[PDB]
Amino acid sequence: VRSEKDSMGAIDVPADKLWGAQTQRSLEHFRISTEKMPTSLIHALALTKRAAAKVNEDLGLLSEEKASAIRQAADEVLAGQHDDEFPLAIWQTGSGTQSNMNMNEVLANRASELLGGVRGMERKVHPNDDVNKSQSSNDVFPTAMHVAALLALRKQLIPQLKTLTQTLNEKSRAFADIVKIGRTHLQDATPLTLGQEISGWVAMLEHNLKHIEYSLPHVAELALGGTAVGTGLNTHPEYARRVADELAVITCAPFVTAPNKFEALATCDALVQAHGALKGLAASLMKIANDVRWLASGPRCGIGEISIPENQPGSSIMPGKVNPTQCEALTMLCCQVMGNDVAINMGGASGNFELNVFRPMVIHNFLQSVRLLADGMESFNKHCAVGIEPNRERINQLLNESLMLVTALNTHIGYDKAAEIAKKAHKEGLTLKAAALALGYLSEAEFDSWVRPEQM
């Protein structure tokens, strides 16, 4: 071990680790549960520092040898080389100071080595003086939150949603002719094509896409440039805008600086609004997943209208049993997003005066939902959605045995005789065909000709 120090004294830190005193210190204070800052955030926090170092250098606030060294240290974190250099829990200070300092110390110690120097107190580059220049935990962490959010949605959620969309869209067109018995209130209703029902699913997803995209512009607003309370004290006029442009360059996202830093620092409104669209997606996905479970339920004592690919081997003496494992995993995560929304709301409404101190928790919950939904759709798509095939024999068996097709004989034999054969088919226990044929109202040629399900 080596001795690190701050304004509170010296503290022993692992020799083989790049963090400093404050990280080692908060490590024995905030020892709560096992949740830590997710990779996507760590990278976003590194990107934030990288951009800030570039801007400081341009204003002459930093030397080239320093700024460049920091940028190179950041890029290493982005390359997954210092993943074990961030041991801080999510359950820390609400402003995320601990995590900011954590990134600062690790980034400073490494930049020192890259400059021929060494890690520790004799470091060439300084965490607060160099890496944390013209900024504060108050305005850095909200920025890292938005940078990680927009990118996670654009790079992960959106793509997976489109993929699942086109897949179900293909299925829609594919099964356009297959007609099946409808169902409202879990009861037998008027028929509709299996392709139209799936078209309901694709439409839902397409709606959620636009609803998610509507929330992006707000999440694009960066707080960097406001500092401690949002006034922008101790900064250059062009700083706020410049750090936003640099961010837009290296991430390729339409990042802009928040019009009002006071709104950015004291709230999480962008993430409360964006996550509102996510729970809306979870709601949609919950049904689409359930319709599959049910339609595919069976193979003998359920609905069994469709068939989904089997993933796990299962029993040998029971070859028919195929559990909707992909849907079960999908619905569970949908309950999870629903529950995460509450946690986020409670945190998003608990801000006070100049700063909201429920941030680490919000970003924790938000990013989890994006991972869950994004991975959930990809997993559902490949291991289920694409393998959906209709059980045509079972579909027709249920359509013919149904009593809803009596509606076609109303514009032929009348409402009196039509409802007469149906009430007799139900009461006794048979089909409509044999019911009308026995009453002498129609013949096998007449029934099969007039009762056409393909014409609704």
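Each residue number is its position in the shown sequence, starting from 1.
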property	result
Segment of higher mean CA temperature factor, 226-234 or 139-147	226-234
29-37 versus 425-433 - greater average Cα B-factor per the deposited record	425-433
Residue selected from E378, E76, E305, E310 by maximal Cα B factor	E310
Ranked C-alpha temperature factor of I395 among modelled chain residues, by third	middle
Where the record places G320 (Cα B-factor, split into thirds across the chain)	highest
Third of the chain, ranked by Cα B-factor, where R50 sits	middle
Third assignment of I388 from its chain's C-alpha B-factors	middle
Third of the chain's Cα B-factor distribution that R371 belongs to, per the entry	lowest
